[PDB]
Amino acid sequence: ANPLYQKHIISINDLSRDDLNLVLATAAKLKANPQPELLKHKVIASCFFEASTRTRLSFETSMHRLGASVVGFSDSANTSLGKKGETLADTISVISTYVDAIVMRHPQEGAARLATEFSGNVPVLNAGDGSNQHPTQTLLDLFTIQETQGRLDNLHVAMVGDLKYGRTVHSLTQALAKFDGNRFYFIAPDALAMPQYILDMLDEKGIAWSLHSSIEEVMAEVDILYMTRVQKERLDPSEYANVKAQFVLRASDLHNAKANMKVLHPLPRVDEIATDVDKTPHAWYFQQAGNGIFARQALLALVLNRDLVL
Amino acid sequence: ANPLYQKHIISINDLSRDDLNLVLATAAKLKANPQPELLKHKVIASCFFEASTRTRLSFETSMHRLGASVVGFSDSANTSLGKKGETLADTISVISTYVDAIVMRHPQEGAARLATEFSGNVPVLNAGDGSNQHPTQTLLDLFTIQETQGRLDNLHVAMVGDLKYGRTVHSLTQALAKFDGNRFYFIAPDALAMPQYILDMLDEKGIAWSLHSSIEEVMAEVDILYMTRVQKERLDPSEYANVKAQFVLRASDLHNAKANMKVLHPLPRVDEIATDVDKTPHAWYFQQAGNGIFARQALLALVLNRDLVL
Amino acid sequence: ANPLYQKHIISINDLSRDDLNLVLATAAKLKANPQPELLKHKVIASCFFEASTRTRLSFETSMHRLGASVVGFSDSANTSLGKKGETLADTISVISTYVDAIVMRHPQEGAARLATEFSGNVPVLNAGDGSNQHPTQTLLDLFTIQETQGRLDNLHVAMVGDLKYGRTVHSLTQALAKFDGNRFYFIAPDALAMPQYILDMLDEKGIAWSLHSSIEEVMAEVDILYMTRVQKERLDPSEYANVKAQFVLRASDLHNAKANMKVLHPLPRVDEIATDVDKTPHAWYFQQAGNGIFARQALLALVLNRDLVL
Amino acid sequence: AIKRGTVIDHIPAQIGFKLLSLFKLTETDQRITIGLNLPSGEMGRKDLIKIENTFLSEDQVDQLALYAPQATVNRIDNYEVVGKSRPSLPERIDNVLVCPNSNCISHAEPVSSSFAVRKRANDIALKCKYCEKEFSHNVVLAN
Amino acid sequence: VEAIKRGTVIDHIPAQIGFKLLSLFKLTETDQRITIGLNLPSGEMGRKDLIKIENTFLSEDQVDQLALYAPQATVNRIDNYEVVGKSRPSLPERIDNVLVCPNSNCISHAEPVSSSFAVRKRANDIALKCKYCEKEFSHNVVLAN
Ligand SMILES: Nc1ccn([C@@H]2O[C@H](COP(=O)(O)OP(=O)(O)OP(=O)(O)O)[C@@H](O)[C@H]2O)c(=O)n1
Ligand SMILES: Nc1ccn([C@@H]2O[C@H](COP(=O)(O)OP(=O)(O)OP(=O)(O)O)[C@@H](O)[C@H]2O)c(=O)n1
Ligand SMILES: O=C(O)C[C@H](NC(=O)CP(=O)(O)O)C(=O)O
Ligand SMILES: O=C(O)C[C@H](NC(=O)CP(=O)(O)O)C(=O)O
Ligand SMILES: O=C(O)C[C@H](NC(=O)CP(=O)(O)O)C(=O)O
Ligand SMILES: [Zn+2]
Ligand SMILES: [Zn+2]
């Protein structure tokens, strides 16, 4: 079996560089040569306990592109967890008797991990758990950085906005740290800084990083400017000073950007990226979102099909 | 045609022992030898006007396993019944021009029966109508009792909790009463007792039943302990003394249980079954839920495909 | 000084037979010969944290009939306790620097007693504290019984309805038990029975009481039929079966009543007393209400004046 | 044996450890010796607590009569028991207890709890100063 | 404090830690005879705590759980009055059950699972990473049940 066959995909911290590269190689192959019947006869649960547009719809689209069927819900309000008091554990215990894999997003950190403890032999794929991890975002992110930069090592990567609550940057930083020679710039309000457990991991690996108070400081050297939304639904009321985006990127801020530089954003954006950026050649967040199909097709294929695709 | 072809499945009271046995025989066959294209080219409505996890998701999974497509809704709020004032009758009148069968759950008793009066030649399958009937629960329940006990007659069956509002036990009691020599123990608060129309039916058939105030009273003789949730969403405020489960089953209460005894629960449970029961060999409610696939596959096959499966 | 001068009036339990007789005697005198300037230059706080019609308005009317001024609030929502998080302790600490007495009703038991701990030399009069005590209701009740019956001993007294949460009957029973040879009939739902501490008190004094499931059981014996409202704002949701009046007095139930029997009710009534009772000679709940004026004037006069001469 | 201090003897099994917590007895530098589940002539099993150079406060002695009625408090100086008695039951207990009436004002407000304790074989009764409700000490011990 | 025939003696416990060990690991929830000395003279530590639990034995794992509170304690295993085994706690890989994750939005608080943390040395303190939410904390702010 391929190394990812029947594996839970919960946290980037659980995966190796080899795993990440395997997903990307598989993504490239399926994009070049679709296999519309690869997951024929699979039925996969798509269980979203908090809001989503991109992650849920690209995941479901990917299931259909591979010929799998889909059941689930886009909110918990009309599940028996929503109305009859059922625990998440019992919810997973029954759903895992129906389906071949479970894709889940949940507002509490650790929900996907918990699900793995009740899902028996049914793989759980974390579409996001509170402010913790977002591994499939990282997979499509890596695919996009690779496509646009030609490599995943020796890159200058700035991450901007809400780093404390961004499950996206937690996962992406851990992932890029598994490659060699990448350098990080963290541009965040002090209250929403990158968590210490991430910084420690960088230190331990001898990876260079620094804090910056402006985007312009680093614009001239960045290969990837990864913008983020303030996760207002996760903030303590004590942190409401930071609801408004502190860093707004406009087309004019891109004067000294390298030619190769791409602006990424896991989306949705509020105002942290002005619409005038959209037409510039550095804007790549919609392209990034479209890459979710290839990354998520690849992951489902690898988890649910024992042989490597060709 | 098989006896169930194009039939409405509304109430166990409308079915015979032969019908029930036919569903179970068909369930066994499909479990042993899946037929992934049996309902190819069917489109089936899945219409849930109140909450569900198991019934809706297992029903939809069963449709996909047989190759049918699925349309519908998991709540009524964004139907034209929910926002524009449409009657249930007109809702069924239009949906029945689209699809090959309608699966419906509804908060008012009699909704499925009413739907049959507007659905023309489109079969209606009752996924639950208020506190009335739940025939597909009974089918999977029977399948589970059969699997674990080796038979459906001459069994000692205890039913515990909210018997007044449990559509599950209304249907299951009527069903088991169609087999020979079963004996019932009803363990319920007085305010939530098994309805008289069920008791009368037992009397008329000469079936033994008795009331009990504790689980321990009968533990030593039961083959099936069928636990239920208090249906708090159906209670009159006058009945709010009974919201909390009156009978809590724990692992230690199982000391004198027969070796063959299984604990069933249509689910979701609140606290009427303690989590410590889960690891005991008598716990079978998750296995029971998984049997919903086989029962519901069988029913769709029988209703929508004219020949018996092989 | 009179025995009640500058005393807190919190619980009937703290008052003696002589204390109660003194208020009644003073009340009789003020009714016969008004003292419009008795409390001139007094300012009295009327502080109601819970709804009221009779108790607040009769209290304030009483203050005006004696020539005192009134300040306070009928709702806590626009006080600093209501909007700024202020404790009750602090509220009393400041108000007691303004006024000569504090009349207070409050939704928790003990609130009045607590007030006495922060009110310094300013007397607190309990207009009702949760389901505990209602001393001034008992004062006007006693006054009314005395007026209609000519005595406060050797009576046959029935108390009907919500006795558990009826602060009215808690105070009244304790007061009547300080007199000789009274006999009690308690007619209440099991869930709303007279609390055990009241019963124990009656036992210690060798006072006869009994439970009855019907008014008719005792109609021929009673001198005072005291009806109560189900205290729905006090019920635990488990007790909601008792929201409706279990015992409903109608004009026709009085056919065998002693001629001089009076029907009392501290009010408001819902349905426990039908309007056809109002015209019978036995109805005395509005005259009872009226007597609140003379009882409350008496209490205010005795608390705020060393001696009265009349 | 100890030279000076207190030996709390004849404590019921499974109560000794609770006492250590509640009276914060181990929050000291004084030498302490504890026996749990010791054999006892009159009790079968007992707990035993020795604290050197230390005597129970008046509060703790009062609280002891509730938690461990038939326990024995020994006062000791120069290796001798100069005082031996079961703890005197008080008629009032403040601060430590919690009124089980959830609608009691004493939960929301900055006052000390207070109960009139009434020895009442079998269960000792506790009447709340505020709500005036009375409870078995079995129920009040659910703080 | 007096010798035992059979069981475990946890010796050389730092002062103010003995009671914490009894509370945290629920050592007194048993019918076996326990003997405890608190604030005993050591001449090696100055002051020490000492816990004796009869007819009761601790695995290497259970002994390791002690490492977070008494890393230089000695656990003596006793049979027929003889010390048949001495061991020192070594830092465990994980701490399960007894602690509570300080992240209020962690799934572990709402669901029927047992708490669990990965243990590591950071800057001469102990960092605890929750199995579920993956947030990491100084062991000081991770409260017990
Ligand atoms: N210098 C001392 C003297 C006595 N004790 C303890 O104090 C308790 C009671 O002392 P004592 O009256 O001498 O023993 P008993 O006669 O058994 O008292 P009782 O009848 O109450 O059991 C015993 O546990 C004993 O160990 C002590 O620790 N130090
Ligand atoms: N039957 C026994 C044997 C030993 N002990 C206790 O076990 C501990 C260690 O035993 P031992 O090796 O004999 O003493 P030490 O040589 O001092 O050990 P260490 O150097 O580790 O302190 C001491 O607290 C001793 O009181 C005991 O309670 N009962
Ligand atoms: O919400 C964000 O800002 C980033 C990230 N966004 C997404 O995954 C896109 P969506 O919520 O539409 O699926 C997330 O963590 O949910
Ligand atoms: O709700 C119950 O307790 C029993 C029964 N439960 C089910 O059918 C399972 P679900 O509501 O998840 O589909 C029902 O009547 O709806
Ligand atoms: O409310 C009752 O039924 C009895 C009693 N009623 C009154 O005191 C009359 P009011 O609430 O109108 O001042 C009370 O305890 O508040
Ligand atoms: Zn109280
Ligand atoms: Zn956590």
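What the table below lists for this structure:
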read-out	value
Kirkwood-type radius of segment E:93-145, with distances r between different C-alpha atoms, in Å	11.0 Å
Contact order normalised by residue count of chain B, Cα under 8 Å, 6+ apart, percent	22 percent
Dipole magnitude (debye, nearest 20) for segment C:131-190, charges at Cβ of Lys, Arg, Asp, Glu	80 debye
Span-like helix ranges in chain A, DSSP H, alpha carbon extent 18 angstrom or more, Kyte mean at least -1.0	A:17-32, A:135-149, A:285-304
11 Å beta-carbon shell around C:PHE48, net charge (K/R +1, D/E -1)	-1
Nm distances between copies for A:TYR240, ranked from closest, using label points 7 Å along Cα→Cβ	3.2, 3.3
Kirkwood Rh, angstrom, segment D:74-113 [1 / mean 1/r, Cα pairs]	13.5 Å
Rg and Dmax [Cα atoms of chain B; Å; Rg one decimal, Dmax integer]	19.1, 57
13 Å cut-off, amide nitrogen to a point 7 angstrom out along D:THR28 Cα→Cβ, residues in segment E:25-66	E:38-39
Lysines with Cα under 27 Å of B:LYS178, excluding same-chain neighbours fewer than 8 positions away	B:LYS7, B:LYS29, B:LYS31, B:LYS164, B:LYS205, B:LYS258, B:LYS262
Selected from B:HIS106, A:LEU172, A:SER252, residue furthest toward positive end of dipole (the protein assembly as shown; charges at beta carbon)	A:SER252
Convex hull projection area averaged over all views, the protein assembly as shown, Cα basis, nm²	61.6 nm²
Other copies of B:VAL94: label-to-label distances in nm, shortest first, labels 7 Å along the beta-carbon direction	3.0, 6.0
Whole-number D in µm² s⁻¹ for segment D:1-90, Kirkwood Cα-pair radius fed into Stokes-Einstein, 20 °C, 1.002 mPa s	165 µm²/s
GNM flexibility winner over chain A from A:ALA208, A:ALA298, A:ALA289 (Cα, springs under 10 Å)	A:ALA208
Per the axis that maps chain B onto chain C, nearest residue of B (Cβ criterion) and its distance in Å	B:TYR240, 2
Rounded FRET efficiency, nearest 0.05, which uses the C-beta distance separating C:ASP153 from E:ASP96 and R0 of 60 Å	0.30
Shape of segment A:1-41, Cα gyration tensor, a/c cut at 1.5	oblate
Chain E - charge dipole about Cα centre, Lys and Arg +1 at Cβ, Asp and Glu -1, debye rounded to 20	280 debye
Charge dipole (debye, nearest 20) of segment B:34-73; +1 at Cβ of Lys and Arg, -1 at Cβ of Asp and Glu	80 debye
Proximal charge balance of B:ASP180 [Cβ under 12 Å; K/R count +1, D/E count -1]	+4
Inter-copy separations for C:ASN78, label at 7 Å along Cα-Cβ, nm, ascending	4.4, 4.5
Net charge of neighbours whose Cβ lies under 14 Å from the Cβ of C:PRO3, counting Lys and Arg as +1 and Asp and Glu as -1	-1
Per-q log10 I(q)/I(0), segment A:166-310, q = 0.12, 0.21 Å⁻¹ (Debye; single scatterer per alpha-carbon; no solvent)	-0.59, -1.46
Alpha carbon centroid spacing (whole Å) that separates segment B:28-71 from segment C:164-181	67 Å
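Computed from the coordinates by the stated procedures, all read-outs in this text should not be read as laboratory data. We place every Cβ from the backbone using ideal geometry, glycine too, and count neighbours over all the protein chains shown.
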